[PDB]
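**Student:** this one's a deposited entry, sequence included:
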Amino acid sequence: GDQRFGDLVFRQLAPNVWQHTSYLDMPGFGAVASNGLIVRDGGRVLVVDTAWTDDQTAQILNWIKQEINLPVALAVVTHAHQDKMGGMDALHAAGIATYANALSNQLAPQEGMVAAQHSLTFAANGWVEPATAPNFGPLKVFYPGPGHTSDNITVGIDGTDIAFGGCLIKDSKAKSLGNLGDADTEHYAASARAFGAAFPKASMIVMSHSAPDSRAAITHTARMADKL
Ligand SMILES: O=c1c(O)c(-c2cc(O)c(O)c(O)c2)oc2cc(O)cc(O)c12
Ligand SMILES: [Zn+2]
C-alpha cells in the first residue's frame, strides 16, 4: 500500500488514483504529514495540491514520470497555505497549468505563497463555473464555504466514489479540527455537511492530514464543528 519514494510516500487508492504524502520537519514538533491526490485521465495526469516544498513537489513529478510516465495537464490546489500550496513554483517551472480558488489567489501573496495562473469562480450553490474549470475531466470542484479557511475547496473524482476533503474534513478518530487560526467557528459545521451533500455517492473521503476514511469522517468532523 505505502511506497517510500525519496522523502515522500505514495499509496494507490484506485486504479487511476494515487495518494501522495508530504512531510515537513518542524523543530520541536516533528514531521507534519500532508496528503494529496494524483489522478490519471487516460493519457494525461491530474494532480491535486502540492507538497510542503517545491523540492518535494518536484519529487512527485519524478514519481509520476516513473510509474505513470504520462504528462501532467493541470494541477488544482485546495487553499492558500503552505500545507497545500508549498510547491507552486515547481508546477510553473514544469509548465503545468495551476488552478485555484479566486480567493486563494488573492490570499496567496498575503500568506506568502505563489498565486496560481488561473482562478476558479463558484456559484451560490458552491459549484465551480464550468467556464473557469475547463478540461478538468473527472476533477469536480466544489466550494462548501468557510471552514478551515475562507477559500478552502473540495475536489471530487467523477467516475469513482472518491472525494477529497482537503484539510477541512478530518477522520472519524480525530480529536481536534486541526488548525483553527484561519478557521471559521460558525460555518465550519455547515461547510463540512455541505461536502457530504455535494458528494453523497463518495464512500472514500480523502483528507490531507489522515488516511482515506469512510463517510463517518464527515459526520465526525461535523459533530466536532457543531461544538464550536
Ligand atoms: O494544515 C495545517 C496544519 O494541519 C498544521 C498543523 C500544525 C500543528 O502543530 C498541528 O498539531 C496540527 O494538527 C496541524 O499546520 C498548519 C499551519 C499553517 O500555517 C497552515 C495550515 O494549513 C496548517
Ligand atoms: Zn492550509
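**Tutor:** Yes, it's here. Residues are numbered from 1 along each chain as shown. Ligands and ions are numbered 1, 2, ... in the order given.
**Student:** name the nearest residue to the closest residue to ligand 2 within the chain, sequence neighbours excluded.
**Tutor:** Distances between the chain and ligand 2 by C-beta to the ion are smallest at residue 81, namely 2.5 Å. Placement of C-beta: from N, CA and C, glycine included. Computed as C-beta to C-beta, 6 or more residues apart in numbering, the closest residue to residue 81 that is not its neighbour in sequence is residue 111, at 6.4 Å.
**Student:** which stretches in this protein count as strands?
**Tutor:** 2-5, 8-14, 17-26, 30-41, 44-48, 72-76, 97-101, 118-120, 139-142, 154-157, 162-166, 204-207 (DSSP state E).
**Student:** where does this protein come near ligand 2, residue by residue?
**Tutor:** Residues of the chain lying near ligand 2 by C-beta under 5 Å from the ion: 81, 83.
**Student:** need the residues of the chain near ligand 1, please.
**Tutor:** 29, 81, 83, 167, 178-179, 209 (C-beta under 6 Å from any ligand atom).
**Student:** could I get those in a markdown table, plus columns for neighbour count?
**Tutor:** Converted to a markdown table, these look like this (neighbours: other C-beta atoms under 10 Å):
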| residue | neighbour count |
| --- | --- |
| 29 | 8 |
| 81 | 25 |
| 83 | 23 |
| 167 | 25 |
| 178 | 17 |
| 179 | 13 |
| 209 | 17 |
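**Student:** any idea what the most centrally placed residue in the chain is bridged to?
**Tutor:** Taking C-alpha atoms, centre = their mean, the centroid of the chain lies closest to residue 166, which sits 4.0 Å from it. The partner list for residue 166 in beta bridges (DSSP bridges) reads residue 207.
**Student:** so it is in contact with residue 156, correct?
**Tutor:** No - Residue 166 sits out of contact with residue 156 when judged by C-beta atoms under 8 Å, with a separation of 11.4 Å.
**Student:** tell me the residue furthest from the middle of the protein?
**Tutor:** residue 28 (26.2 Å).
**Student:** quick check: phi and psi at that one.
**Tutor:** Phi and psi for residue 28, reported as degrees, to the nearest 10, are phi 110, psi -10.
**Student:** mind checking how far it is from residue 198?
**Tutor:** Distance of residue 28 to residue 198, given as C-beta to C-beta, to the nearest Å: 38 Å.
**Student:** and the nearest residue to residue 145 once chain neighbours are set aside, what does it touch?
**Tutor:** In space, and not counting its chain neighbours, residue 145 is closest to residue 191: 4.0 Å by C-beta to C-beta, 6+ apart. For residue 191, the contact set (C-beta atoms under 8 Å, 6 or more residues apart in numbering) comprises 144-147, 152, 168, 184.
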